[PDB]
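Structural features, examined
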Amino acid sequence: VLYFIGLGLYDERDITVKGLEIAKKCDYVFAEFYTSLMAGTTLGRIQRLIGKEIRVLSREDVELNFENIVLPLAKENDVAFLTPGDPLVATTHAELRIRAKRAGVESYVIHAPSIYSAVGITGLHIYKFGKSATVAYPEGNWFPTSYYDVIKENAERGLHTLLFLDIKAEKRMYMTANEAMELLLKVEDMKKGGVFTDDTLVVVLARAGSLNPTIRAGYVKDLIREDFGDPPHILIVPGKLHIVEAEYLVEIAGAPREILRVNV
Amino acid sequence: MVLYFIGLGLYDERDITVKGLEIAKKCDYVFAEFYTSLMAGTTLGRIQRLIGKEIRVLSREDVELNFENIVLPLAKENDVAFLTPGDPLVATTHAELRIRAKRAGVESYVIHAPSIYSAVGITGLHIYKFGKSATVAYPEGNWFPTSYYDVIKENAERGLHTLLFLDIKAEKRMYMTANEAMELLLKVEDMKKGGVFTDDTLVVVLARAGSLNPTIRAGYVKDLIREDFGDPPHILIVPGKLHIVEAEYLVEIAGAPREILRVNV
Ligand SMILES: Nc1ncnc2c1ncn2[C@@H]1O[C@H](CSCC[C@H](N)C(=O)O)[C@@H](O)[C@H]1O
């Protein structure tokens, strides 16, 4: 069979006990580290924890040849496929389960802490998050802007917007919340929808999963050049705040106490 | 001087992270709450045996009213663990406890674990397409909440999926089933008539996420409303329009009818 096992948010210990015990017993172990960055560990530390050699796959290996590289072995052995965070969150790995089934290979999923739910540490109510988006790096003359519309739609409904940030693993490029803010300000100048400006309140979460992640809230004008530490980072554009959310942002995320006076 | 909020994960005692288990084992005192949710695939005894030290369970009142008198005093001179189902602070009331810790001069750290909020990715539905979430609560006497119906309406109108947390009477271990949630939604439809939830609505049910063998089913209300989805917990999802890849996963992994490919995509 094939096991999709999440490794978690930051280091090798973010794997669930369930996932660790299953990985330890698999005959072959594959993994990908292009969908996210685990800033607090190394391939070696992960390999030593599970006691197995890990065959790292590239995006092309997975998207073009998963059925030729992984499935053949999964047909005669217990195989594990490890991924940062949760394997089925903000990835297309669910597609691999379809491929596995069509190949007659049984698959199982072992979850792990995900950034999608870890944002609860920002004090923003999880149920208030609306549609999510990804801020992608412009490439050549191609400049992605769809994420701007997502914020607009959510904000109109008073919902928070989670913005996954881009990652180019092969080039070791990890988009910072600062770069995301800069990009959003440029899109605002092109669309002028009054969606993201210097006065917009934002929240930054960096290195969730670590013991001391950076949790900061404030206006773009003040946070755009602030050092949030090493990647990975995620950016959030809150919608209409409840007083309790504002209180946490002020007390824990260092937000301006003025956000306490929620305009009703 | 340190308080650790540690997530227990989705279903059984092995759903805690290695980090959470190792930290709990080194704490002087271990507390836990089982009112925001429950760990259906295990027991207090099994969690306690895995950690190796006594776990003091706190009631909703103990936490909401007396967290600062029961937990924080000990955290002042010792390392204290506070275990919670799922991922800490997904439950909306968790966060404020960190402010109480701050007020008491106690450092607090969060050790994450899987949450049903993120585990729904196993339904094959794209995470980014989930909109606002809602909870379907059991009506009681003169209280018949229906806001969750409006949440589905607003999400679906924008092509977004709706995650519906189902009610859980923790103290009595009573879990609302997907069937009961569907029945309530049909009743709300009868009262609002917005054409939001009917026998022809496509729904997805995820039961016992975290287990190696969760029940993942998708189909129309008319066919699923009386289906046995197995033991708790259940959540219900009302998807918005589907990407063909989402529909294929529902058909091939969740047993959805082929009709969803020509009706819901
Ligand atoms: N520990 C962490 N801290 C902050 N952001 C994180 C993070 N882990 C992932 N992200 C964010 O999410 C993006 C990857 S998207 C893949 C997410 C993963 N499956 C999960 O379940 O978490 C990163 O580029 C970053 O923007």
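What the deposited record gives as its method is X-ray crystallography, and the resolution it gives is 1.50 Å.

**Considering the pattern of salt bridges**
Residue and element names in this part refer to chain B. The tally for this structure, following the rule as stated, stands at 26 salt bridges over all chains. In this structure, the salt-bridge partner of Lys-222 is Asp-223, at a minimum N-O distance of 2.8 Å. With relative accessibility at 36%, the residue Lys-222 sits in the partly exposed group. Its relative accessible area of 48% is what places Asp-223 among the partly exposed residues. By sharing partners, the salt bridges in this structure join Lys-153, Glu-154, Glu-157 and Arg-158 into a single network.

**What to know about the interface of chain B and chain A**
Frequently, the measure chosen for interface size is the accessible area removed from exposure when the parts meet. Counting residues at the interface gives 54 residues for chain B and 51 residues for chain A. Taken over both partners, the interface formed by chain B and chain A buries close to 5,000 Å², and the fraction arising from carbon and sulfur atoms is 63%. We note a salt bridge from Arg13(A) to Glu22(B), for which the minimum N-O separation is 2.7 Å. If you look at where chain B meets chain A, you find 24 residue pairs in polar contact. A class-by-class count of the residues in the side of chain B that touches chain A yields 27 nonpolar, 13 polar and 14 charged.

**A word on the site of the ligand**
All names here are of chain A. Of all residues adjacent to the ligand, which total 19 residues, the nearest are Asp-86, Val-89, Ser-114, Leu-165 and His-233. In this structure, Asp-86 approaches the ligand through a main-chain N or O atom, which is 2.8 Å from a nitrogen atom. One nitrogen or oxygen atom from the main chain of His-233 is found 2.7 Å from an oxygen atom belonging to the ligand. For the ligand, whose free accessible area comes to 550 Å², the fraction covered by protein is 96%. For the shell around the ligand, the secondary-structure elements that each account for two or more residues are β7 (161-165) and β12 (233-237). Of the residues belonging to the shell around the ligand, the class tally is eleven nonpolar, six polar and two charged. Taken domain by domain, the makeup of the shell around the ligand includes at least three residues from each of domain 1 (1-113) and domain 2 (114-264).

**A few points about the domain arrangement of chain A**
Residues and elements named next belong to chain A. Domain annotation for chain A reports domain 1 (1-113) and domain 2 (114-264). Between the C-alpha centres of domain 1 and domain 2 the distance comes to 29 Å. Residue-level contacts link 15 residues of domain 1 with 15 residues of domain 2. Both sides of the domain 1 and domain 2 interface together cover about 1,100 Å² of buried area, and 72% of this is carbon and sulfur. Counting across the domain 1 and domain 2 interface gives zero salt bridges. If you look at where domain 1 meets domain 2, you find one residue pair in polar contact. The residue makeup of the side of domain 1 that touches domain 2, split by class, is ten nonpolar, three polar and two charged.

**A word on unusual backbone geometry**
Residues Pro231(A) and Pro232(A) are joined by a peptide bond in cis, for which omega reads 0°. The residue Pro232(A) is located in the loop between α9 (220-223) and β12 in this model. For the bond running from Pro232(B) to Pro233(B), omega is 0°, close enough to zero to count as cis. One non-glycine residue, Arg207(A), lies in the positive phi region at around 60°. Structurally, the position occupied by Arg207(A) is in the loop between β10 (201-206) and β11 (214-219). Here the phi dihedral of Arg173(B) falls at roughly 60°; this positive angle occurs in a residue that is not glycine. With respect to the element layout, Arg173(B) can be found in the loop between β8 (168-169) and β9 (174-175). Given a relative accessible area of 62%, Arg173(B) falls into the exposed group.

**A closer look at the pairing of β12(A)**
Residue and element names in this part refer to chain A. Burial analysis of β12 places five of its five residues in the buried class, the great majority of the element. Here β10 runs beside β12; their pairing, made up of four bridges, is antiparallel. In the sheet register, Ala-206 faces β12, and the bridge partner there is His-233.

**Structural notes on the packing of helix α10 (residues 243-252) of chain A against helix α5 (residues 96-103) of chain B**
How two helices pack is summed up by the angle between their axes together with the distance between the axes. Close contact between α10(A) and α5(B) brings their axes to 10 Å; oriented N to C, the two are set at 40°. On the basis of their axis angle, the class for α10(A) and α5(B) is oblique. As α10(A) packs across α5(B), the resulting crossing turns out to be left-handed. Contacts between α10(A) and α5(B) involve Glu247(A), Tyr248(A), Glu251(A) and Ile252(A) from the former and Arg98(B), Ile99(B), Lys102(B) and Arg103(B) from the latter. Of the residues in the contact of α10(A) with α5(B), the class split is three nonpolar, no polar and five charged.

**Focus: the UniProt feature "binding site: S-adenosyl-L-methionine" in chain B**
UniProt feature "binding site: S-adenosyl-L-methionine": in the numbering of this structure it lies at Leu10(B), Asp87(B), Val90(B), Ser115(B), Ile116(B), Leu166(B), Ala209(B) and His234(B). Assignment of secondary structure puts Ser115(B) in the loop between β5 (107-111) and α6 (116-119). In this structure, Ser115(B) is in contact with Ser117(A), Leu10(B), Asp87(B) and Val90(B), ignoring residues within four places of it in sequence. At 3.2 Å, the side chain of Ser115(B) and the backbone nitrogen of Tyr117(B) are in polar contact. Within the element layout of this structure, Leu166(B) appears in strand β7 (residues 162-166).

Conventions adopted
- Residues numbered from 1 in each chain as written, not as in the entry; some residues may be left out.
- Chains lettered and ligands numbered in written order.
- Heavy atoms only, no water.
- Salt bridge = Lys/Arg side-chain N within 4 Å of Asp/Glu carboxyl O.
- Buried < 20%, exposed > 50% of the residue type's maximum accessible area, 1.4 Å probe, protein only.
- Contact = heavy atoms within 4.5 Å.
- Buried area = accessible area lost by both parts, 1.4 Å probe.
- Polar contact = N/O pair within 3.5 Å; in protein donor to acceptor, adjacent residues only side chain to side chain.
- Nonpolar A, V, L, I, M, F, W, Y, C, P; charged D, E, K, R; others polar.
- Near = heavy atom within 4 Å.
- Areas by Shrake-Rupley, 256 points an atom, 1.4 Å probe, with all protein chains shown as cover.
- Helix = DSSP H or I, 4+ residues; strand = E, 2+ residues; numbered from the N terminus.
- Domains from an automatic or database assignment.
- Pairing = 2+ DSSP bridges.
- Axes fitted to C-alpha atoms, helices over the stretch in contact; angles between N-to-C directions.
- Parallel < 35°, antiparallel > 145°, perpendicular 65-115°, else oblique.
- Left-handed = near helix turned anticlockwise from the far one by under 90°.
- UniProt positions renumbered as here; feature names shortened; annotations may be inferred.

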